[PDB]
Protein chains: 2
Amino acid sequence: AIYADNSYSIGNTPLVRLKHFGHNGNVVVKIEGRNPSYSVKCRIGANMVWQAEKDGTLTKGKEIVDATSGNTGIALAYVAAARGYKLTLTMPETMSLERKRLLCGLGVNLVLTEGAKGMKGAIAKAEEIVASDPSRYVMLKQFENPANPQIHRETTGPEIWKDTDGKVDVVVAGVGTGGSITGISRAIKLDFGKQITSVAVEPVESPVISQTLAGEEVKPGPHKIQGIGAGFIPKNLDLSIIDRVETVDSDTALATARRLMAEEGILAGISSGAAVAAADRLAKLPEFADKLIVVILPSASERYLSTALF
Amino acid sequence: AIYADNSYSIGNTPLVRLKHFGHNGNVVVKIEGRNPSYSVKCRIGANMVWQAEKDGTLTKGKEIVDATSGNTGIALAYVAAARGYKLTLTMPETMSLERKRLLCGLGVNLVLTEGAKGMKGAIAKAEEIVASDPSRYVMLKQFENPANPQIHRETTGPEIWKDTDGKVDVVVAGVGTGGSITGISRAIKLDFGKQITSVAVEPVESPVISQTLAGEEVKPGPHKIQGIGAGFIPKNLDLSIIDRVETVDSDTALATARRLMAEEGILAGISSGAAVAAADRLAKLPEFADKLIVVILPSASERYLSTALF
């Protein structure tokens, strides 16, 4: 069991039973903080690169481009260093010194865009760079790349099936790209044949999944639950496998993350608080009382030292 | 495989082969960042509490006291929250806002001592608090508690034996308390019966182990390799099982940590750089060319965002 590089070491993350949430320990959490770049995104950082290698879109010498300073940026950075690709990430010049320092530490070629342009700035610049030399550059596109949900169908999902001896009844996961919930749901529902309840979680400030499914007006909005609530339906969210959508507000998510640390001794990030707040709600409905609820905790605390988490 | 709390989830950390260090991949690293509080100390945080429970020194209602704002502080904090003990940590008032915030996040009762007194301040204050109510307080004493090396003999060591199919020839580990090298060495040498080479690593700025073994004047000194080089021989370092002592300087350790991130895609902290720099040195001596070298990487990068690592 010696991994030939850090990318192969993804996953096999642990399940812990919660003591101050749910009912008689029906709530259990999967700690995605225990990963090479310390997020769930490592799995997709790994698989998007492996897949682009296998299909020939990524070769020796070609470079990777993207516009993320978030978990996927960090995940891509680790894999690119492990596998010998130069990576360019674009980002607004206004980004935090800390993620600048972290990414520079990882050997990212950081391309800072105009502040005013913000996120749009970064996306366009990466698109421009790709155009400048299409044969030299590859954009992996986490929001639409099937290698994203696929890795979850082959690792994250089966790990849940195995650790719970097939007793998992509910999976609760916050949606960013949608990959986690999609892959996990396909694995357990389709490969293992169990009719679990798949629960997507989004910010009440930006409940575009709920609005879309209700045929209501789509109203995205600002929120602090980093990692989720992109403000649109990403292609990597398979609406067909979602059974329920729960909304959580920023304050509840933050306080719940604090409770996880202070009461459970679990070092979870902002979105982990949101996912658990929603799981706790279902766990306390008599319909879910006797049912095993597994919650994805996407990331670790520390990464949020500069945020409202603290 | 559902852990009844976060303390039971320690270890099972992965081995990764290095590509830009050693010779033909003879250097392999154990990533202790993949742990509940994100350090190697989690194992001892867990075991010191479990052991004090089993022997009756820790009971319901009793409180834990210590004087650490470092990895052991964080580890104790996670376990105490997971298992329902109030924890008091003392520390100089001059400590970083960030570790203050992190520990407060974990529900530590933080007792800040006079700045001028520094470390000595914290130790004395905790000793005072214990004296104030001996029946209410317990100090676990990481430097001398046998539960420290023991956990390494039962988990860390056997994990190395198992992952390498008994092929490990050399273990390289930096010494703080000495628990890691001690426990691992006892496991492989005594329980498995293989005559490996145990290599302790200390800062060249504070090479008290080397000086002591050479019968030279002991000259502890300041350094930046956080986690190691306490400036004395701790009781939890079993000198009898150490075969070799390697010294590394602060700059080399830092640059090596940077290389691990930028070239290997491994998010290691300062002491990981020191441990690898020393492993790389042995790995490039013909006597160790054909031999499998396993290096403990005690902690993850991010924890060092405010340091010279970046």
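Residues numbered from 1 in each chain as written, not as in the entry; some residues may be left out. Chains lettered and ligands numbered in written order. Heavy atoms only, no water.

Header annotation of the entry names X-ray crystallography as the structure determination method and lists the resolution as 2.300 Å.

As recorded in the PDB entry, chain A goes by the name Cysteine synthase, listed as coming from Haemophilus influenzae Rd KW20. Quoted verbatim from the Pathway heading of the UniProt record, the comment on chain A is "Amino-acid biosynthesis; L-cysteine biosynthesis; L-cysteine from L-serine: step 2/2." (UniProt positions renumbered as here; feature names shortened; annotations may be inferred.)

Engineer: Before we go on, may I ask you to explain the sheet that holds strand β10 (residues 244–248) of chain B in this structure?
Structural biologist: Pairing between sheet strands relies on hydrogen bonds along the backbone, with the strands arranged either parallel or antiparallel. With respect to topology, 7 strands assemble into an open sheet ordered β1(A)-β2(B)-β3(B)-β11(B)-β8(B)-β9(B)-β10(B), the strand pairing being mixed. Whereas interior strands pair on both sides, the edge strands pair on one side only; in this sheet they are β1 (2–3) of chain A together with β10 of chain B. Direction of pairing for strand β8 (residues 168–174) of chain B relative to strand β11 (residues 292–297) of chain B: parallel, over a ladder of 4 bridges. The residue of β11 of chain B that forms the bridge with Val170 of chain B is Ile293 of chain B. With respect to the sheet, helix α6 (residues 179–191) of chain B is in contact with β8, β9 (197–203) and β11 of chain B, its orientation differing from that of β8 of chain B by roughly 165°. (Pairing = 2+ DSSP bridges. Helix = DSSP H or I, 4+ residues; strand = E, 2+ residues; numbered from the N terminus. Contact = heavy atoms within 4.5 Å. Axes fitted to C-alpha atoms, helices over the stretch in contact; angles between N-to-C directions.)

Engineer: How should the pairing of strand β3 (residues 27–31) of chain B be read in this particular structure?
Structural biologist: For a regular strand, side-chain orientation follows a simple rule: the groups alternate between the two sheet faces. Residues and elements named next belong to chain B. Burial analysis of β3 places 5 of its 5 residues in the buried class, which makes it a mostly covered element. Here β3 shows no split at all, with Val27, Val29 and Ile31 on one side and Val28 and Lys30 on the other all buried. Bridging between strand β2 (residues 15–17) and β3 involves 3 bridges; their strand directions are antiparallel. Bridging across to β3, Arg17 finds its partner in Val28. (Buried < 20%, exposed > 50% of the residue type's maximum accessible area, 1.4 Å probe, protein only.)

Engineer: How do you make sense of the interface of chain A and chain B when you look at a structure like this?
Structural biologist: Quoted interface sizes are often the accessible area lost when the parts come together. With 46 residues of chain A in contact, the opposing surface of chain B contributes 46 residues. Together, the buried faces of chain A and chain B total about 4000 Å²; carbon and sulfur atoms form 57% of this surface. Three residues, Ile2, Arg34 and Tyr38 of chain A, lead the burial of chain A against chain B; their summed loss comes to 19% of the area buried on that side. The tally of links between chain A and chain B comes to 2 salt bridges. Residue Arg303 of chain A is joined to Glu302 of chain B by a salt bridge in which the shortest nitrogen-to-oxygen separation is 2.8 Å. Where chain A touches chain B, the interface holds 14 residue pairs in polar contact. Broken down by secondary-structure element, the contributors of at least two residues to the side of chain A that touches chain B are β1, β2 (15–17), β3 (27–31), α2 (71–83), α3 (97–105) and α8 (250–264) of chain A. Take the side of chain A that touches chain B: its biggest share by element is 5 residues, from α8 of chain A. A breakdown of the residues in the side of chain A that touches chain B according to their chemical character gives 24 nonpolar, 10 polar and 12 charged. With 2 bridges connecting them, β1 of chain A and β2 of chain B associate as parallel partners. (Buried area = accessible area lost by both parts, 1.4 Å probe. Salt bridge = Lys/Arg side-chain N within 4 Å of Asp/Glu carboxyl O. Polar contact = N/O pair within 3.5 Å; in protein donor to acceptor, adjacent residues only side chain to side chain. Nonpolar A, V, L, I, M, F, W, Y, C, P; charged D, E, K, R; others polar.)

Engineer: How should α2 of chain A be read in this particular structure?
Structural biologist: Owing to its 3.6 residues per turn, the α-helix aligns residues three or four sequence positions apart on the same side. Its 13 residues give α2 of chain A an end-to-end C-alpha distance of 18 Å, which sits within 8% of 18 Å, the value for a rise of 1.5 Å per residue. α2 of chain A sits mainly inside the fold: 12 of its 13 residues count as buried. Those residues of α2 of chain A that sit buried are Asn71, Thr72, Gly73, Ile74, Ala75, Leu76, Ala77, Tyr78, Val79, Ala80, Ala81 and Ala82 of chain A. Buried-residue contacts for α2 of chain A involve α1 (42–54), β4 (63–66), β5 (87–92) and α3 of chain A together with α8 (250–264) of chain B. Once α2 of chain A finishes, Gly84 of chain A follows within two positions and takes phi at roughly 85°, a positive value. (Expected span 1.5 Å × (residues − 1).)

Engineer: Even after reading the chapter, I still don't get the packing of helix α5 (residues 147–163) of chain A against helix α6 (residues 179–191) of chain A, so can you show me in this structure?
Structural biologist: A packed helix pair is summarised by two numbers, namely the angle formed by the two axes and the spacing between the axes. All names here are of chain A. Taken N-terminus to C-terminus, the directions of α5 and α6 make an angle of 60°; their axes are 7 Å apart at the nearest point. Taken together, the axis directions place α5 and α6 in an arrangement best described as oblique. Every pair of crossing elements has a handedness; the one defined by α5 and α6 is right-handed. Between α5 and α6, the residues in contact are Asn148, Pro149, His152, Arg153, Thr156, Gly157, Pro158, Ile160 and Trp161 and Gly179, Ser180, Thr182, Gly183, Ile184, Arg186, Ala187, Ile188, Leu190 and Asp191, respectively. Taken together, the residues that form the contact of α5 with α6 break down as 8 nonpolar, 8 polar and 3 charged. (Parallel < 35°, antiparallel > 145°, perpendicular 65-115°, else oblique. Left-handed = near helix turned anticlockwise from the far one by under 90°.)

Engineer: Got a minute to help me understand the layout of surface pockets in this structure?
Structural biologist: Where empty space is left becomes clear once a probe the size of a water molecule has been rolled over the atoms. Residue and element names in this part refer to chain A. What the second largest pocket holds in volume is close to 1100 Å³. The wall of the second largest pocket is formed by 34 residues, among which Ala67, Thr68, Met119, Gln142 and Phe143 lie closest to the centre. Counting residues per element, the ones that place at least two in the lining of the second largest pocket are α2 and α4 (118–132). Looking at the lining of the second largest pocket element by element, the count peaks at 4 residues for α4. For the lining of the second largest pocket, the class distribution of residues is 13 nonpolar, 14 polar and 7 charged. (1 Å grid on protein atoms, 1.4 Å probe; cavity = no way out; pocket = protein on both sides within 12 Å on 5 of 7 lines; lining within 4 Å. Points joined across faces, edges and corners; volume = space filled by probe spheres on them.)

Engineer: What is the right way to read the state of the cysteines from this model?
Structural biologist: By definition, a disulfide links the sulfur atoms of two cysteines through a covalent bond. Tallied over the full model, the rule gives 0 disulfides over all chains. Free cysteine: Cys42 of chain B, not disulfide-bonded; nearest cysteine sulfur from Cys42 of chain A at 18 Å. Just so you know, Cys104 of chain B is unpaired, no disulfide at all, and the nearest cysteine sulfur is the one on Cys42 of chain B, 19 Å from it. (Disulfide = S-S within 2.5 Å.)

Engineer: Please clarify how the domain arrangement of chain A should be interpreted in this entry.
Structural biologist: Residue and element names in this part refer to chain A. Assigned domains of chain A: these are domain 1 (6–40 + 145–304) and domain 2 (42–139). Here the C-alpha centroids of domain 1 and domain 2 sit 26 Å apart. Listed per partner, the contact involves 27 residues of domain 1 and 16 residues of domain 2. A combined buried area of about 1700 Å² lies between domain 1 and domain 2, and 58% of that area is made up of carbon and sulfur atoms. Connecting domain 1 to domain 2 are 2 salt bridges. A salt bridge links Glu32 to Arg43; its shortest N-O distance comes to 2.6 Å. (Domains from an automatic or database assignment.)

Engineer: Looking at this model, I keep getting lost on the pairing of β11 of chain B. Mind explaining?
Structural biologist: All names here are of chain B. Among the 6 residues in β11, 6 count as buried, and that is most of the element. Taking every second residue as pointing to the same face, both faces of β11 are buried, with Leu292, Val294 and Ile296 on one and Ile293, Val295 and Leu297 on the other. Looking at chain direction, β3 and β11 are connected through 5 bridges and run parallel. By the bridge assignment for β11, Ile31 is matched with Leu297.

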